[PDB]
4 protein chains.
Amino acid sequence: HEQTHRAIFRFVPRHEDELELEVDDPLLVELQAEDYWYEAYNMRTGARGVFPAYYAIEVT
Amino acid sequence: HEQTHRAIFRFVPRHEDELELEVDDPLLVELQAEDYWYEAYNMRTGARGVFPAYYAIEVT
Amino acid sequence: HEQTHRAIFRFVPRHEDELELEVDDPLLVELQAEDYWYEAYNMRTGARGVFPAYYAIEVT
Amino acid sequence: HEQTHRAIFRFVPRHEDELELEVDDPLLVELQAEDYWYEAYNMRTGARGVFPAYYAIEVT
């Protein structure tokens, strides 16, 4: 589908379900959990996973 | 010992080693890992654990 | 229009085009430049100007 | 002399006196102005200048 967010901080995973993030990485957020994590697809690396909500910003 | 940082965003753990954070929580960071995670002690809840570096700011 | 961000750090200008920021100041970001600066309107002081991107966070 | 801080956010100048910053750049802060700006020397690029205080953290 289409790009919803952009990563603003670098995020390096420590757990299996976490998604790696480079700054300015295009993201397609598929779910915004109630516990403040985002389930998304990294369009640069073609990878799915979760990451802390504050590491990304919407693109609008 | 003494307070080094202050949590600025709310962080809810998903993994055993992660530390829960409320906004404005006093933190005593014991280690600043090279992969961008902080090992700290939450002075409000008396709990140890790790969390994403950008969720806290130094107090000076 | 409506509030988009919130200032999180105190920012005191040094140049004519920079916008003064108090912590927790409501901001209406009108443009997110590609060089990492934000052109915004401070709803508390009714002033326009630019400031470093990391000094504000979206409100959602 | 010796390294005092580390840049944590990317900073791209807009004015002559501002100092460019890459994330994790070693900095030798020479002055901590009262208006929240830092006059420093970037040890990676060998350049002097000023930048917003919150973009760097001490190394201790």
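We did not get these values from a lab; they are worked out from the coordinates using the rules stated. Here Cβ is always computed from backbone atoms with ideal geometry, including for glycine, and neighbour counts include all displayed protein chains.
Before moving on, here are some points about what is shown:
- Exam field: C:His1 pseudo-label spacings to other copies (7 Å along Cα-Cβ), nanometres: 2.3, 4.6, 4.7
- Positive minus negative residues near A:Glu58 (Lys, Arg vs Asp, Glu; Cβ under 13 Å): -1
- Across identical copies of the chain, C:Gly46 has label-point separations of 5.2, 5.2, 5.5 nm, listed in ascending order, with the point defined 7 angstrom from Cα along Cα→Cβ.
- Convex hull volume of the C-alpha atoms in the protein assembly as shown, normalised per residue: 139 Å³.
- Inverting the pair-averaged 1/r between distinct Cα atoms of chain A gives 11.1 Å as its Kirkwood hydrodynamic radius.
- Chain C residue with Cβ closest to the axis mapping C onto B, distance in whole Å: C:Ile8, 3
- Across the range A:19-60, the residues whose backbone nitrogen lies under 15 Å from the label position 7 Å along the beta-carbon direction of B:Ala47 are A:35-36.
- Test item: C:24-37 mean partner chain Cβ contacts at 10 Å: 2
- Residues of the range B:40-58 falling in the label zone of B:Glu30, defined by backbone nitrogen less than 13 Å from a point 7 Å along Cα to beta-carbon, are B:40-43, B:46-51.
- Peptides B:2-8, A:49-55 ordered by average Cβ neighbours within 10 Å, highest first: A:49-55, B:2-8
- Label-point spacing at B:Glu34 relative to the other copies reads 3.5, 4.1, 4.2 nm, in ascending order, each point sitting 7 Å out from Cα along Cα→Cβ.
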